[PDB]
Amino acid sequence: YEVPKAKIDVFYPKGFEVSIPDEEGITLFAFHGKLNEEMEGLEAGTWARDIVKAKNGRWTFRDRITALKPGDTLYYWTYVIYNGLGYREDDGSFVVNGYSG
């Protein structure tokens, strides 16, 4: 199984969203992230959230408070339970280059 690569949308003045599409057999998505500093292994990070449920065909993490700027880098890893087994998107990095809304 391959965890879908997370889609990251950054909002102005603040907030961001991290999501993946859902499919049969996924029962959890979790996001672990840090800003402008690498994750040290599979640590919890600054943001560590298990998304409660899929909604509208996606699993979505939403931050409403953090003001990201162009050139900021989000470092992250995600976890999915697929058919009862755990899998990750490892070594995620996203450089903010622009806003979605």
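Note that residue numbering begins at 1 and tracks the sequence as displayed.
- Per-stretch averaging of Cα B factors for 63 to 71 and 31 to 39 places 63 to 71 on top.
- On average the C-alpha atoms of 51 to 59 have higher B-factors than those of the other stretch, with 22 to 30 and 51 to 59 being the two compared.
- Per the deposited record, the Cα B-factor of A6 falls in the middle third when ranked against the other modelled residues of its chain.
- Sort the chain's modelled residues by C-alpha temperature factor and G84 lands in the lowest third, per the entry.
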